[PDB]
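Chemist: Have a look at this one.
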Amino acid sequence: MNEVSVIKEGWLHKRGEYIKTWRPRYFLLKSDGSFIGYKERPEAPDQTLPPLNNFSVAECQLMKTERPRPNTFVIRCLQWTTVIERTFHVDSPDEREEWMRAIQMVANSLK
């Protein structure tokens with residue numbers, strides 16, 4: 001199996017500071033039920049850049065919340081990720097629904 005394309009690409013806000021601040025990261029979701037977060041938008045064909053954040057939604061489930069900010073996504077299932085992402089924020093309310101919609105549509109084929 002190796003024919004998974006990208007389903008949705010957008011910027012997400014994740015906390016990353018000594019205080020309570022969230023920074024925007026370019027996240028890309030694929031049809032395999034997994035989306036990776038990138039600090040910037042790298043895309044060099046001569047020196048492909050590795051993914052910084054790896055988020056997988058094949059198992060367990062995520063829940064939409066409003067804390068600390070509105071339109072936020074929380075997940076309680078750590079399997080084998082280098083970073084510990086419990087809750088992440090989206091760029092907008094319409095984007096929060098787009099991510100949830102993709103997870104449900106990809107879940108149909110993910111099984």
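By convention here, the chains of the structure tokens are called A, B, ... in the order presented, each chain's residues are numbered starting at 1, and ligands are numbered starting at 1 in the order presented.
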Show me, as a PyMOL selection string, the residues that have an atom within 10 Å of residue 109 of chain A when counting only C-alpha atoms, minus same-chain residues fewer than 4 positions from it.

Modeler: chain A and resi 31-33+104-105

Chemist: With a distance cut-off of 10 Å and only C-alpha atoms, select the neighbouring residues of residue 69 of chain A, excluding the residue or stretch itself and same-chain residues fewer than 6 positions from it, and output the selection as a ChimeraX atom specification.

Modeler: /A:22,88-90

Chemist: Emit the selected residues as a PDB file, in the first residue's frame, including N, CA, C and O atoms.

Modeler:
```pdb
ATOM      1  N   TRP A  22       0.465  30.239  21.593  1.00  0.00           N
ATOM      2  CA  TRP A  22       0.382  29.158  20.564  1.00  0.00           C
ATOM      3  C   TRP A  22       0.940  29.669  19.230  1.00  0.00           C
ATOM      4  O   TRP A  22       0.583  30.738  18.765  1.00  0.00           O
ATOM      5  N   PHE A  88      -4.498  20.757  20.340  1.00  0.00           N
ATOM      6  CA  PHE A  88      -3.944  21.709  19.330  1.00  0.00           C
ATOM      7  C   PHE A  88      -5.055  22.658  18.854  1.00  0.00           C
ATOM      8  O   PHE A  88      -6.222  22.316  18.863  1.00  0.00           O
ATOM      9  N   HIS A  89      -4.700  23.855  18.465  1.00  0.00           N
ATOM     10  CA  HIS A  89      -5.731  24.845  18.015  1.00  0.00           C
ATOM     11  C   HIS A  89      -5.714  24.997  16.491  1.00  0.00           C
ATOM     12  O   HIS A  89      -4.719  24.738  15.843  1.00  0.00           O
ATOM     13  N   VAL A  90      -6.812  25.422  15.915  1.00  0.00           N
ATOM     14  CA  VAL A  90      -6.866  25.602  14.427  1.00  0.00           C
ATOM     15  C   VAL A  90      -6.827  27.091  14.062  1.00  0.00           C
ATOM     16  O   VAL A  90      -7.090  27.950  14.882  1.00  0.00           O
TER      17      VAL A  90
END
```

Chemist: Tell me, as a list in words, which residues lie within 9 Å of residue 23 of chain A, counting only C-alpha atoms; anything in the same chain fewer than 6 positions away does not count.

Modeler: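 Selected residues are residues 12, 13, 14, 15, 16, 17 and 39 of chain A.
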
Chemist: Include N, CA, C and O atoms and write out the residues we just selected as a PDB file, in the first residue's frame.

Modeler:
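Below is the file that was written, selection.pdb:
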```pdb
ATOM      1  N   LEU A  12      -2.073  25.335  11.740  1.00  0.00           N
ATOM      2  CA  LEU A  12      -2.699  25.060  13.075  1.00  0.00           C
ATOM      3  C   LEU A  12      -1.900  25.760  14.180  1.00  0.00           C
ATOM      4  O   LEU A  12      -0.714  25.974  14.056  1.00  0.00           O
ATOM      5  N   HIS A  13      -2.542  26.122  15.261  1.00  0.00           N
ATOM      6  CA  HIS A  13      -1.812  26.815  16.368  1.00  0.00           C
ATOM      7  C   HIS A  13      -1.478  25.838  17.499  1.00  0.00           C
ATOM      8  O   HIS A  13      -2.355  25.253  18.107  1.00  0.00           O
ATOM      9  N   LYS A  14      -0.214  25.671  17.790  1.00  0.00           N
ATOM     10  CA  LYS A  14       0.199  24.749  18.889  1.00  0.00           C
ATOM     11  C   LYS A  14       1.028  25.521  19.923  1.00  0.00           C
ATOM     12  O   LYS A  14       1.873  26.327  19.575  1.00  0.00           O
ATOM     13  N   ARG A  15       0.790  25.282  21.189  1.00  0.00           N
ATOM     14  CA  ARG A  15       1.561  26.000  22.254  1.00  0.00           C
ATOM     15  C   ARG A  15       3.055  25.670  22.145  1.00  0.00           C
ATOM     16  O   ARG A  15       3.433  24.536  21.918  1.00  0.00           O
ATOM     17  N   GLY A  16       3.900  26.657  22.301  1.00  0.00           N
ATOM     18  CA  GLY A  16       5.371  26.413  22.207  1.00  0.00           C
ATOM     19  C   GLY A  16       6.129  27.614  22.778  1.00  0.00           C
ATOM     20  O   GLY A  16       6.917  28.240  22.098  1.00  0.00           O
ATOM     21  N   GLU A  17       5.895  27.939  24.025  1.00  0.00           N
ATOM     22  CA  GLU A  17       6.599  29.100  24.650  1.00  0.00           C
ATOM     23  C   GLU A  17       6.590  28.967  26.178  1.00  0.00           C
ATOM     24  O   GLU A  17       5.801  28.229  26.741  1.00  0.00           O
ATOM     25  N   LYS A  39       6.946  23.546  10.863  1.00  0.00           N
ATOM     26  CA  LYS A  39       7.145  24.928  11.407  1.00  0.00           C
ATOM     27  C   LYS A  39       6.887  25.956  10.296  1.00  0.00           C
ATOM     28  O   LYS A  39       6.181  26.929  10.488  1.00  0.00           O
TER      29      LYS A  39
END
```

Chemist: Which residues in chain A does DSSP call strand (DSSP E or B)? List them as a PyMOL selection string.

Modeler: chain A and resi 6-15+22-30+34-38+53-56+62-65+72-75+87-90

Chemist: Ranking A:82, A:3, A:100, A:64 by minimum distance to residue 52 of chain A and counting only C-alpha atoms, which one comes first?

Modeler: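 Nearest to residue 52 of chain A: A:82.
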
Chemist: Would you return as number ranges by chain the members of chain A that DSSP assigns to alpha helix (DSSP H) on this structure's backbone?

Modeler: A: 93-110

Chemist: Create the file for the chosen residues now, containing N, CA, C and O atoms and written as an mmCIF file, in the first residue's frame.

Modeler:
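Resulting contents of out.cif:
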```cif
data_model
loop_
_atom_site.group_PDB
_atom_site.id
_atom_site.type_symbol
_atom_site.label_atom_id
_atom_site.label_comp_id
_atom_site.auth_asym_id
_atom_site.auth_seq_id
_atom_site.Cartn_x
_atom_site.Cartn_y
_atom_site.Cartn_z
ATOM 1 N N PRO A 93 -12.511 28.766 12.800
ATOM 2 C CA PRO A 93 -13.619 27.831 13.132
ATOM 3 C C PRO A 93 -13.952 26.975 11.907
ATOM 4 O O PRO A 93 -14.166 25.780 12.014
ATOM 5 N N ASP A 94 -13.965 27.574 10.739
ATOM 6 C CA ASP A 94 -14.244 26.789 9.497
ATOM 7 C C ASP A 94 -13.156 25.723 9.315
ATOM 8 O O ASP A 94 -13.425 24.623 8.876
ATOM 9 N N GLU A 95 -11.930 26.033 9.681
ATOM 10 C CA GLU A 95 -10.828 25.030 9.557
ATOM 11 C C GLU A 95 -11.046 23.899 10.569
ATOM 12 O O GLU A 95 -10.873 22.741 10.250
ATOM 13 N N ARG A 96 -11.446 24.229 11.777
ATOM 14 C CA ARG A 96 -11.697 23.167 12.806
ATOM 15 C C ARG A 96 -12.695 22.139 12.256
ATOM 16 O O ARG A 96 -12.528 20.946 12.435
ATOM 17 N N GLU A 97 -13.716 22.596 11.577
ATOM 18 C CA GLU A 97 -14.718 21.650 10.997
ATOM 19 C C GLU A 97 -14.099 20.891 9.814
ATOM 20 O O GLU A 97 -14.372 19.726 9.607
ATOM 21 N N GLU A 98 -13.258 21.546 9.046
ATOM 22 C CA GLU A 98 -12.610 20.866 7.883
ATOM 23 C C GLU A 98 -11.744 19.698 8.372
ATOM 24 O O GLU A 98 -11.727 18.639 7.771
ATOM 25 N N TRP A 99 -11.035 19.881 9.465
ATOM 26 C CA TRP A 99 -10.181 18.773 10.002
ATOM 27 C C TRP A 99 -11.078 17.625 10.478
ATOM 28 O O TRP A 99 -10.872 16.479 10.127
ATOM 29 N N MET A 100 -12.079 17.937 11.268
ATOM 30 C CA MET A 100 -13.014 16.878 11.767
ATOM 31 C C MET A 100 -13.683 16.169 10.581
ATOM 32 O O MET A 100 -13.839 14.963 10.577
ATOM 33 N N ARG A 101 -14.072 16.917 9.575
ATOM 34 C CA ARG A 101 -14.726 16.302 8.376
ATOM 35 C C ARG A 101 -13.752 15.350 7.673
ATOM 36 O O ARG A 101 -14.118 14.256 7.286
ATOM 37 N N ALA A 102 -12.514 15.758 7.511
ATOM 38 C CA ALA A 102 -11.508 14.879 6.838
ATOM 39 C C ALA A 102 -11.295 13.599 7.653
ATOM 40 O O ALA A 102 -11.255 12.513 7.111
ATOM 41 N N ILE A 103 -11.168 13.721 8.954
ATOM 42 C CA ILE A 103 -10.967 12.508 9.811
ATOM 43 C C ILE A 103 -12.136 11.532 9.611
ATOM 44 O O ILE A 103 -11.940 10.341 9.482
ATOM 45 N N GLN A 104 -13.347 12.036 9.573
ATOM 46 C CA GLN A 104 -14.531 11.143 9.368
ATOM 47 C C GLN A 104 -14.511 10.547 7.951
ATOM 48 O O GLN A 104 -14.760 9.371 7.762
ATOM 49 N N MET A 105 -14.213 11.351 6.958
ATOM 50 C CA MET A 105 -14.171 10.836 5.552
ATOM 51 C C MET A 105 -13.017 9.840 5.390
ATOM 52 O O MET A 105 -13.174 8.791 4.793
ATOM 53 N N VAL A 106 -11.867 10.152 5.931
ATOM 54 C CA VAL A 106 -10.707 9.214 5.824
ATOM 55 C C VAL A 106 -10.972 7.976 6.693
ATOM 56 O O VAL A 106 -10.574 6.879 6.354
ATOM 57 N N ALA A 107 -11.650 8.150 7.809
ATOM 58 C CA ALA A 107 -11.960 6.989 8.702
ATOM 59 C C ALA A 107 -12.756 5.923 7.936
ATOM 60 O O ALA A 107 -12.605 4.742 8.177
ATOM 61 N N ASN A 108 -13.598 6.331 7.009
ATOM 62 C CA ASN A 108 -14.394 5.334 6.221
ATOM 63 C C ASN A 108 -13.450 4.358 5.507
ATOM 64 O O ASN A 108 -13.680 3.163 5.489
ATOM 65 N N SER A 109 -12.380 4.860 4.935
ATOM 66 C CA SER A 109 -11.403 3.965 4.238
ATOM 67 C C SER A 109 -10.360 3.445 5.239
ATOM 68 O O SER A 109 -9.827 2.364 5.078
ATOM 69 N N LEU A 110 -10.076 4.207 6.271
ATOM 70 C CA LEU A 110 -9.077 3.767 7.296
ATOM 71 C C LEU A 110 -9.573 2.498 8.005
ATOM 72 O O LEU A 110 -8.835 1.547 8.167
#
```

Chemist: Hey, which of A:34, A:20, A:57, A:26 ends up closest to residue 6 of chain A? Count only C-alpha atoms.

Modeler: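 The answer is A:34, which sits nearest to residue 6 of chain A.
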
Chemist: So how far away is atom CA of residue 41 of chain A from atom CA of residue 75 of chain A, in Å?

Modeler: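 That distance, rounded to one decimal, is 24.9 Å.
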
Chemist: Quick one, how far is atom CA of residue 87 of chain A from atom CA of residue 35 of chain A?

Modeler: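 Here the two named atoms are 14.4 Å from each other.
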
Chemist: What is the distance, in Å and to one decimal place, between atom CA of residue 11 of chain A and atom CA of residue 62 of chain A?

Modeler: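 Separation between atom CA of residue 11 of chain A and atom CA of residue 62 of chain A: 18.0 Å.
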
Chemist: Restricting the calculation to only C-alpha atoms, which member of A:29, A:40, A:61, A:71 is positioned closest to residue 91 of chain A?

Modeler: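 Between A:29, A:40, A:61, A:71, the residue approaching residue 91 of chain A most closely is A:71.
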
Chemist: Name all residues at most 7 Å from residue 37 of chain A (count only C-alpha atoms; drop same-chain ones fewer than 3 positions away) and give them as a VMD selection string.

Modeler: chain A and resid 25 to 28 51 to 54

Chemist: Those residues you just picked out, can you put them in a file as a JSON list (two decimals), in the first residue's frame with N, CA and C atoms?

Modeler:
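Output contents, as saved in again24.json:
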```json
[["chain", "number", "residue", "atom", "x", "y", "z"],
["A", 25, "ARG", "N", 1.48, 26.57, 12.78],
["A", 25, "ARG", "CA", 2.35, 25.57, 12.09],
["A", 25, "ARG", "C", 1.62, 25.03, 10.85],
["A", 26, "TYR", "N", 2.33, 24.85, 9.76],
["A", 26, "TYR", "CA", 1.67, 24.34, 8.52],
["A", 26, "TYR", "C", 1.44, 22.83, 8.64],
["A", 27, "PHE", "N", 0.21, 22.42, 8.82],
["A", 27, "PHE", "CA", -0.10, 20.97, 8.95],
["A", 27, "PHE", "C", -0.67, 20.41, 7.64],
["A", 28, "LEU", "N", -0.29, 19.21, 7.29],
["A", 28, "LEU", "CA", -0.81, 18.58, 6.03],
["A", 28, "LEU", "C", -1.47, 17.25, 6.37],
["A", 51, "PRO", "N", 9.55, 15.88, 8.26],
["A", 51, "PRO", "CA", 8.39, 16.41, 9.03],
["A", 51, "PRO", "C", 8.78, 16.68, 10.49],
["A", 52, "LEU", "N", 8.38, 17.81, 11.02],
["A", 52, "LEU", "CA", 8.72, 18.14, 12.44],
["A", 52, "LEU", "C", 7.69, 17.51, 13.39],
["A", 53, "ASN", "N", 6.42, 17.71, 13.13],
["A", 53, "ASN", "CA", 5.37, 17.12, 14.01],
["A", 53, "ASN", "C", 4.60, 16.03, 13.26],
["A", 54, "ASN", "N", 4.39, 14.90, 13.88],
["A", 54, "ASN", "CA", 3.65, 13.79, 13.20],
["A", 54, "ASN", "C", 2.38, 13.45, 13.98]]
```
